[PDB]
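This structure is in structure tokens; I'll ask about it shortly.
None of the figures in this text is laboratory data; all of them are computed from the coordinates on show. All Cβ positions, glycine included, derive from the backbone under ideal geometry; neighbour counts span all protein chains shown.
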Ligand code: HEA
Ligand code: HEA
Ligand SMILES: [Cu+2]
């Protein structure tokens, strides 16, 4: 019931993503996965769980933007 | 030798650090045998050791980019540098002249080396000149050099090992401009078209004067695919055990 | 209580660096194809692929929350986990015919350097979603001589969140390659 | 070819010796209490005993290399031999020696100092050893069966595919490390959860004490700096076998793209080889000194700096390939910002050793020599960080002389420190101390006269990866002195093995066990600790022991024979793809078939 609200909102991001082509388009992609993954991390084993993927995306920015940086 | 002053000045900077820890161990320890505020105050000196180098090094990285230790702003001489396996290639675009495994340059004249390599990635070290930058197969890298004084400059390759790579030592001589203008040609053989393809095989070679430039062949600095049209057009691909000796099909110019 | 939910969770964070390495490889090999075929792919197939997977998580975000957590639909495990299992074959079947149709000029990784990354950035991509189907159906063999209760049969949740990590880079691929 | 004909008979002899002398009946002790065992204590033993085996394999390599490099015009090794020997020597270390030696010292000491039973997943940690071991036998069978790689431990792409030419050469380097990368990745996942959710009551997070903290940082970088290597070789494995053009020169692929992927994994993994080396030395220098590790808000806070700042510095191995200048100064300033979080950790061992007492034993000498020798190499890498001056001493031995002072003093000494200091844990008694000093002194003095002349060898003008120098300005003796010191370190490994033929001032849960060789369940009751150092507060202050009638049940994580069969499938598929089988593998697909069948058995076995 509560998860149906996020699933319906996620579909609009992909439809709006096609409208961008057919920064400004690099943040809608991460925001699509923020709502997708925020319904199953906290808590109990949280903080470490949601924190492990936090610096993992840091490496994704470091590896991608670092390779393009040359 | 522009960065050599860094090496000598930094050598004493770390020689102090080596003796500092001699005073932090040998002074006590022997005396001390059976028979919170200091750490935070220590964080003022370690940047001072690196920030005294995080400025002149950065003031030198940007220094080797633009016109370096030579001309100031005139006399633009270009020398295309290509590196085959074992063997080194240098072509002069100024006049149709092309030399391999030997190079002569005028003192106090800038030489804009265009660096690339055909068969394997490599880099023209030339230890007396100083900075050396990789020759990447697929693109040409611009590098500026000069010859400080007249002499015999040993030159070499970084030797990313590949069997016959140790004897990549090509001695380069740098003489006066007056002798160079007579020597810019010895006598500008010629570009025999086929002998260029006879170079990409990794063996041993002598001087080979060649009085004509090769940049008329796919630039070579661009389109590094000139490795299949080289070793394979003459029928040759090596292995590790037996049946080598360039798998048959002769025609070349070797030693002895 | 099982720590496998967290141990196999930091493994999902390791795959972030796994796909970032392939994304760094692909983004540098983007301006190549100096001698080959220029990329021109079907647009509607990309949305159909993404909309099928965006509805795949739609039937899975509420597939364990209003399933095992809210109330107790033990009979619905052969319903919600099976329907979400057929959608996994939709992405596999569509990507296979996408690769088979790519045989017509631009086949495999031998035509150009760019197509090497695309067929690999979507390669293990296609492998991770393929082994997940055999992992989601591997836990479905429990409603027989086992049939464990929630908060005990962790095999469903640890395989559901790994299945959720796919759509993370799946959309990042949608913006990455397209 | 003449030398490689003798060892293939000796390799068949050692296998034949196992059948007669050992295999009288081993399906009761070898297959039961070993091979597929689950106890973490027995797994870490199999890790370091392989590194000692690789120490002799890498030992005869390192000796005959410098023996060949004794003087110019020497005819010991030809071109295609010295190229394969020095590549095997470097790859046997770090990957197949320092990694199993460090993880082995981690897979044994860490789970005891935390009070827990085993690790997080003692089942996945079982295959985590064999996943490396089948990768070690893969890389070792390149001896006479196929051909050892000859592109260096880096093995750049433009000299690895067709320009290289040996078929079964680079494939061993690709499939050998690809399997071990899976086992090492799970080793970092097991201990990241083992130290986070399996600690005992009272063991606070900020104090547990410091070596276990380095292990925590060791297994954090593995999780984020090993999936890169998993695809960096997978991309290269596609170029060699499946005909991909990721970095091939022909189809136009970027030749340097494989370099950054290897170094994005390289330098962060380079700290994975020095992080447990720092941890093992952190306890020994603070245990026999009978003092407290003065400094935690700036020492554990410094261990997190190099954990995140290891991925903003990896572009320090390039510099020489024409970058964007500013990006060559960004990672040049940043590399200076890495020798500061590491630099504060040397000033933390000398003030924990002062004011307090000390007793020079054998494990102390390894910590005594670790302080200067690691700095003498560290006062050189600072020069390597200077990108403006890195162009002059790039490669040319000065690079080799810097790092050999860094890793051998850092890790190899820690591999020797943890070898002796935690030897009573493995079996009864320990090593003889007085004759153990003979091994320390000879191995120490030969280490300096081997690589400090290399500082002069490299600065004068001797490049690396060269089989003959030539009479250049009389720089022959500096190369021979480096060989004398090289062969001097060889003298000692015989002493090291002679010491093993014989067959304490603790401050943590080391000697807190019930007795020597601790039992399977390890610790009958979990210690309350509730302090920074448990053993000292549980000796003079009160007593606190394992009182009877307070015991309970067992753990019961018994053995399963799948981890051995699972890694055999990886070793079978790896060997099938390497030894010939260029385009596709007939038996390489079976290994994936056997693995996925066992991965179904993974979640089909109830326990
Ligand atoms: C863990 C790091 C590590 C360790 C421990 C060693 C161990 C040694 N290494 Fe090595 N080395 C590297 C890291 C290491 N090395 C790396 C990274 C490369 C380059 C890799 C590449 O790019 O390919 C390299 C290669 C390399 C070079 C550079 C090659 C070149 O540039 O041309 C040199 C220089 O002399 C060297 C020497 C030695 C010596 C003398 C030892 C000593 O420690 C030897 C130790 C030996 C023993 C402890 C046992 C002694 C053996 C015996 C006693 C048996 C004797 C019996 C008979 C001879 C029958 N090795
Ligand atoms: C254990 C692994 C390990 C560790 C810990 C280090 C530590 C460091 N390394 Fe190195 N390095 C290697 C493994 C390692 N390295 C390997 C394997 C290679 C060769 C790879 C190959 O090509 O095959 C290499 C080569 C290498 C390069 C590449 C050279 C090239 O391009 O060819 C560079 C460049 O910056 C470098 C620098 C440093 C610095 C600045 C540190 C610092 O972390 C060191 C910190 C220590 C100090 C800074 C000194 C102690 C500090 C003090 C006493 C405080 C006071 C000092 C100051 C204030 C300066 N080393
Ligand atoms: Cu580095």
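Got at least one residue in the range B:86-101 being assigned to a loop (DSSP other than H, G, I, E, B), farther than 30 Å from residue B:237 by Cβ and within 14 Å of another protein chain (Cβ to nearest Cβ)? Even if it seems obvious, please write down each step before you answer.
As a first pass, look at the range B:86-101 and keep what is assigned to a loop (DSSP other than H, G, I, E, B): B:86-87, B:93-96, B:101.
Right, trim to farther than 30 Å from residue B:237 by Cβ and you get B:93-96.
Among the residues that remain, those that are also within 14 Å of another protein chain (Cβ to nearest Cβ) are: none.
No, the range B:86-101 contains no residue that is assigned to a loop (DSSP other than H, G, I, E, B), farther than 30 Å from residue B:237 by Cβ and within 14 Å of another protein chain (Cβ to nearest Cβ).
Go through the residues of the range A:30-39 one by one and say whether even a single one is facing chain C (nearest Cβ under 7 Å), surrounded by 15 or more Cβ atoms within 10 Å (Cβ to Cβ), within 30 Å of residue D:313 (Cα to Cα) and out of contact with any strand residue (DSSP E or B) (no Cβ under 8 Å at 6 or more places or on another chain).
Yes, the conditions are met somewhere in the range A:30-39.
Of all residues in the range A:1-22, count the ones that are surrounded by fewer than 12 Cβ atoms within 10 Å (Cβ to Cβ) and closer than 13 Å to residue C:59 by Cβ.
Counting residues in the range A:1-22 that are surrounded by fewer than 12 Cβ atoms within 10 Å (Cβ to Cβ) and closer than 13 Å to residue C:59 by Cβ gives 1.
Examine the range D:87-97 for a residue that is under 15 Å from the mean Cα position of the chain (by Cα), assigned to a loop (DSSP other than H, G, I, E, B), more than 14 Å from every other protein chain (Cβ to nearest Cβ) and surrounded by fewer than 19 Cβ atoms within 10 Å (Cβ to Cβ), and state whether such a residue exists.
Yes.
Go over the candidates D:249, D:229, D:233 one by one and state the one that is over 30 Å from residue D:372 (Cα atoms) and within 16 Å of ligand 2 (Cβ to nearest atom). Talk me through it step by step, then tell me what you get.
On the way: D:249 fails: within 16 Å of ligand 2 (Cβ to nearest atom); D:233 fails: within 16 Å of ligand 2 (Cβ to nearest atom).
Of D:249, D:229, D:233, the one residue that is over 30 Å from residue D:372 (Cα atoms) and within 16 Å of ligand 2 (Cβ to nearest atom) is D:229.
If you don't mind, there's one more thing I want to ask. What is the number of the single condition among (1) within 9 Å of chain A (Cβ to nearest Cβ); (2) under 30 Å from residue D:185 (Cα atoms); (3) assigned to a loop (DSSP other than H, G, I, E, B) that residue C:109 does not meet?
Result: residue C:109 fails condition (1) only.
For the range D:237-267, how many residues meet the condition of being farther than 24 Å from residue D:102 by Cα and either within 16 Å of the chain's Cα centre (by Cα) or within 16 Å of ligand 1 (Cβ to nearest atom) (or both)?
2
Out of curiosity, is residue D:321 within 15 Å of ligand 3 (Cβ to nearest atom), more than 23 Å from the chain's Cα centre (by Cα), in a loop (DSSP other than H, G, I, E, B) and within 8 Å of chain B (Cβ to nearest Cβ)? Write out each step before concluding.
On the way: within 15 Å of ligand 3 (Cβ to nearest atom): yes; more than 23 Å from the chain's Cα centre (by Cα): yes; in a loop (DSSP other than H, G, I, E, B): yes; within 8 Å of chain B (Cβ to nearest Cβ): yes.
Yes.
Being out of contact with any helix residue (DSSP H, G or I) (no Cβ under 9 Å at 6 or more places or on another chain) and surrounded by 10 or more Cβ atoms within 10 Å (Cβ to Cβ) is true for just one of B:22, B:78, B:58. Which residue is that? Spell out how you get there, then give the answer.
Details: B:22 fails: out of contact with any helix residue (DSSP H, G or I) (no Cβ under 9 Å at 6 or more places or on another chain); B:58 fails: out of contact with any helix residue (DSSP H, G or I) (no Cβ under 9 Å at 6 or more places or on another chain).
When all the criteria are applied, what remains is B:78.
State all residues of the range B:102-125 that are in a loop (DSSP other than H, G, I, E, B), over 19 Å from residue B:213 (Cβ atoms) and within 11 Å of chain D (Cβ to nearest Cβ); if no residue qualifies, say none.
The answer is B:119, B:120, B:121, B:125.
Just to check your reading of the model, which residue among D:285, D:333, D:280 is within 13 Å of chain B (Cβ to nearest Cβ), more than 10 Å from ligand 2 (Cβ to nearest atom) and within 22 Å of residue D:405 (Cβ to Cβ)?
D:285 is the lone residue from the list that is within 13 Å of chain B (Cβ to nearest Cβ), more than 10 Å from ligand 2 (Cβ to nearest atom) and within 22 Å of residue D:405 (Cβ to Cβ).
Out of the residues in the range D:336-345 that are over 12 Å from residue D:387 (Cα atoms) and at the interface with chain B (Cβ under 8 Å from one of its Cβ atoms), which is nearest to ligand 1 (Cβ to nearest atom)?
Step one: list which residues in the range D:336-345 are over 12 Å from residue D:387 (Cα atoms), which gives D:337-345.
From the residues that got through so far, the ones that are at the interface with chain B (Cβ under 8 Å from one of its Cβ atoms) too are D:337, D:339-340, D:343-344.
Working: D:337: 25, D:339: 20, D:340: 25, D:343: 22, D:344: 25 Å.
This residue is D:339.
So which residues in the range D:145-166 are in a loop (DSSP other than H, G, I, E, B) and more than 8 Å from chain B (Cβ to nearest Cβ), if there are any at all?
Initial filter on the range D:145-166 (in a loop (DSSP other than H, G, I, E, B)): D:145-156, D:160-166.
Listed by number, the residues that qualify are D:145, D:146, D:148, D:149, D:153, D:154, D:155, D:160, D:161.
So which pairs qualify, if the first residue must be in the range D:85-111 and farther than 19 Å from residue D:410 by Cβ, the second must be within 11 Å of ligand 2 (Cβ to nearest atom), the Cβ gap must be under 6 Å, and the two must be at least 6 apart or on different chains?
These pairs meet every condition: D:87/D:152.
Yes or no: residue D:311 assigned to a loop (DSSP other than H, G, I, E, B), within 16 Å of ligand 3 (Cβ to nearest atom), under 28 Å from the mean Cα position of the chain (by Cα) and more than 10 Å from chain B (Cβ to nearest Cβ)? Can you show your working first?
Details: assigned to a loop (DSSP other than H, G, I, E, B): yes; within 16 Å of ligand 3 (Cβ to nearest atom): yes; under 28 Å from the mean Cα position of the chain (by Cα): yes; more than 10 Å from chain B (Cβ to nearest Cβ): yes.
Yes; evaluated as a whole, the condition is true for this residue.
A follow-up question, please. Looking for something under 24 Å from the mean Cα position of the chain (by Cα) and closer than 27 Å to residue B:160 by Cβ - is there at least one such residue anywhere in the range B:38-56?
We begin by selecting, within the range B:38-56, every residue under 24 Å from the mean Cα position of the chain (by Cα); these are B:56.
From what's left, closer than 27 Å to residue B:160 by Cβ: none.
No; the residues of the range B:38-56 include none that is under 24 Å from the mean Cα position of the chain (by Cα) and closer than 27 Å to residue B:160 by Cβ.
Matching residues to (1) within 24 Å of residue B:121 (Cα to Cα); (2) away from ligand 3 (no atom under 16 Å from the Cβ):
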{"residue": "D:278", "(1), (2)": "no, yes"}
{"residue": "D:316", "(1), (2)": "yes, no"}
{"residue": "D:335", "(1), (2)": "no, no"}
{"residue": "D:338", "(1), (2)": "no, no"}
{"residue": "D:342", "(1), (2)": "no, no"}
